[PDB]
Amino acid sequence: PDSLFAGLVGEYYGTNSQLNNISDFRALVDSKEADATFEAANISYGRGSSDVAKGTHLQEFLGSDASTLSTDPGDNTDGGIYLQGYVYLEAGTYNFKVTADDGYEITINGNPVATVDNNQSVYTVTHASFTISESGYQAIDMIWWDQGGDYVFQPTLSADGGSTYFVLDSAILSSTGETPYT
Ligand SMILES: CO[C@@H]1[C@@H](O)[C@H](O)O[C@H](CO)[C@H]1O
Ligand SMILES: [Ca+2]
Ligand SMILES: [Ca+2]
Ligand SMILES: [Ca+2]
Ligand SMILES: [Ca+2]
Ligand SMILES: [Ca+2]
């Protein structure tokens, strides 16, 4: 039985190897069990300095979500998160606008909808639009990492052609696709 909460299932992975791109972080995820798990209920993390994977920087980055950490990871030089679950979206057109250091990839129903496949200091990208064909809980996953230095991750979403954007949070997230009443 998987817990039902208004958020995505979060895993944190640290490493002392360099993370240069999405493939490197995905390989880290594949290589071992998560260094910590958490509930990602308010996906607006950071900004901070001096390496996400050091000290209590992960706690600071995750903020409101850090109280669900399964453990306090030890130090690493590099690290990132893998989030997976569901997001309620009505049928229609949407686009992400993501602020991040370093890179990331967001997929919905198996299709990438926001990608930065490299390291970068803090930068905001307005991504291309995508469509949702059927209203309901859509499958979503995210990866984000920090190679070192500063770190931030805020993937906002627009339903109105880029006029307004919202953070993905407990209003619309579900860990299993069932309706949360939490
Ligand atoms: C600490 O500053 C940032 C770092 O966070 C980013 O990963 O890579 C950038 C270039 O090294 C740095 O300027
Ligand atoms: Ca794993
Ligand atoms: Ca720590
Ligand atoms: Ca915060
Ligand atoms: Ca590094
Ligand atoms: Ca960084």
# chains A, B, ... in the order shown; residues from 1 in each chain; ligands from 1
$ residues_around --residues "residue 76 of chain A" --least-positions-apart "2" --cutoff "8 Å" --atoms "only C-alpha atoms" --output "CSV table (one decimal) with N, CA and C atoms, in the first residue's frame"
chain,number,residue,atom,x,y,z
A,14,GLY,N,22.2,12.0,-3.5
A,14,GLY,CA,23.5,12.7,-3.5
A,14,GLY,C,24.6,11.8,-4.1
A,15,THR,N,25.6,12.5,-4.5
A,15,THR,CA,26.8,11.8,-5.1
A,15,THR,C,28.0,12.7,-5.0
A,16,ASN,N,29.2,12.1,-5.0
A,16,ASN,CA,30.5,12.8,-5.1
A,16,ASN,C,31.1,12.8,-6.5
A,53,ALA,N,23.7,19.6,-1.5
A,53,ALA,CA,24.0,18.3,-0.9
A,53,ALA,C,24.8,18.4,0.4
A,54,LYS,N,25.2,19.6,0.8
A,54,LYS,CA,26.0,19.8,2.0
A,54,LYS,C,25.1,20.2,3.2
A,74,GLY,N,23.8,12.5,4.7
A,74,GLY,CA,25.1,13.0,4.9
A,74,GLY,C,25.5,13.9,3.7
A,78,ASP,N,27.3,16.9,-4.9
A,78,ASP,CA,26.3,17.1,-6.0
A,78,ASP,C,25.0,16.3,-5.5
A,79,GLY,N,23.8,16.8,-5.9
A,79,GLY,CA,22.6,16.0,-5.6
A,79,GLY,C,21.4,16.5,-6.3
$ select_by_dssp --residues "chain A" --states "helix (DSSP H, G or I)" --output "list in words"
residues 22, 23, 24, 25, 26, 27, 28, 29, 30, 31, 57, 58, 59, 60, 61, 62, 63, 64, 65, 66, 67 and 68 of chain A
$ write_last_selection --atoms "N, CA and C atoms" --output "short mmCIF file (atom, residue, chain, number, x, y, z; two decimals), in the first residue's frame"
data_model
loop_
_atom_site.label_atom_id
_atom_site.label_comp_id
_atom_site.auth_asym_id
_atom_site.auth_seq_id
_atom_site.Cartn_x
_atom_site.Cartn_y
_atom_site.Cartn_z
N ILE A 22 20.91 15.63 -17.62
CA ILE A 22 19.79 14.82 -17.16
C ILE A 22 20.19 13.36 -17.06
N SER A 23 20.92 12.86 -18.06
CA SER A 23 21.35 11.46 -18.07
C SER A 23 22.18 11.12 -16.84
N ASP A 24 23.06 12.02 -16.42
CA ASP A 24 23.88 11.76 -15.24
C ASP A 24 23.01 11.62 -14.00
N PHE A 25 22.02 12.50 -13.85
CA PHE A 25 21.17 12.41 -12.67
C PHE A 25 20.30 11.16 -12.72
N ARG A 26 19.73 10.85 -13.90
CA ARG A 26 18.93 9.63 -14.01
C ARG A 26 19.77 8.39 -13.70
N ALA A 27 21.03 8.36 -14.14
CA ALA A 27 21.90 7.23 -13.81
C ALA A 27 22.13 7.14 -12.30
N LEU A 28 22.26 8.29 -11.63
CA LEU A 28 22.41 8.27 -10.17
C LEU A 28 21.17 7.65 -9.52
N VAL A 29 19.98 8.08 -9.95
CA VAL A 29 18.74 7.51 -9.43
C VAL A 29 18.72 6.00 -9.61
N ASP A 30 19.13 5.52 -10.80
CA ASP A 30 19.12 4.09 -11.10
C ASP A 30 20.13 3.30 -10.28
N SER A 31 21.16 3.97 -9.75
CA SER A 31 22.30 3.26 -9.20
C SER A 31 22.12 2.77 -7.77
N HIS A 57 21.51 22.15 3.79
CA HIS A 57 21.01 22.91 2.64
C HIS A 57 19.79 22.26 2.01
N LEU A 58 19.72 20.92 1.99
CA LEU A 58 18.55 20.27 1.41
C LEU A 58 17.29 20.61 2.19
N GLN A 59 17.39 20.60 3.52
CA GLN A 59 16.27 20.96 4.37
C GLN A 59 15.81 22.37 4.06
N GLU A 60 16.76 23.29 3.93
CA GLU A 60 16.43 24.68 3.65
C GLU A 60 15.75 24.81 2.30
N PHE A 61 16.30 24.12 1.30
CA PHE A 61 15.76 24.12 -0.06
C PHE A 61 14.33 23.60 -0.10
N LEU A 62 14.07 22.47 0.56
CA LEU A 62 12.75 21.86 0.53
C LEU A 62 11.75 22.60 1.39
N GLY A 63 12.22 23.37 2.37
CA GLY A 63 11.36 24.22 3.16
C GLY A 63 10.20 23.50 3.79
N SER A 64 8.99 23.95 3.41
CA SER A 64 7.72 23.40 3.88
C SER A 64 7.60 21.89 3.68
N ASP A 65 8.35 21.28 2.78
CA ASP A 65 8.30 19.84 2.53
C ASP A 65 9.34 19.07 3.32
N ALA A 66 10.33 19.74 3.92
CA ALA A 66 11.44 19.07 4.62
C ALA A 66 10.97 18.31 5.88
N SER A 67 9.82 18.65 6.44
CA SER A 67 9.37 17.94 7.64
C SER A 67 8.94 16.51 7.34
N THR A 68 8.86 16.14 6.06
CA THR A 68 8.54 14.78 5.65
C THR A 68 9.77 13.97 5.24
#
$ residues_near_ligand --ligand "ligand 1" --cutoff "7 Å" --atoms "only C-alpha atoms and all ligand atoms" --output "list in words"
residues 49, 101, 102, 119, 120, 121, 146, 147, 148, 149, 150 and 151 of chain A
$ atom_distance --atom1 "atom CA of residue 51 of chain A" --atom2 "atom CA of residue 152 of chain A"
10.7 Å
$ closest_residue --among "A:166, A:94, A:13, A:104" --to "residue 128 of chain A" --atoms "only C-alpha atoms"
A:94
$ residues_around --residues "segment 114-116 of chain A" --least-positions-apart "3" --cutoff "10 Å" --atoms "only C-alpha atoms" --output "MDAnalysis selection string"
chainID A and resid 21:22 95:98 100:108 111 119:120 125:130 142:144 155
$ closest_residue --among "A:77, A:138, A:3, A:71" --to "residue 91 of chain A" --atoms "only C-alpha atoms"
A:138
$ residues_near_ligand --ligand "ligand 3" --cutoff "6 Å" --atoms "only C-alpha atoms and all ligand atoms" --output "MDAnalysis selection string"
chainID A and resid 54:56 72:75
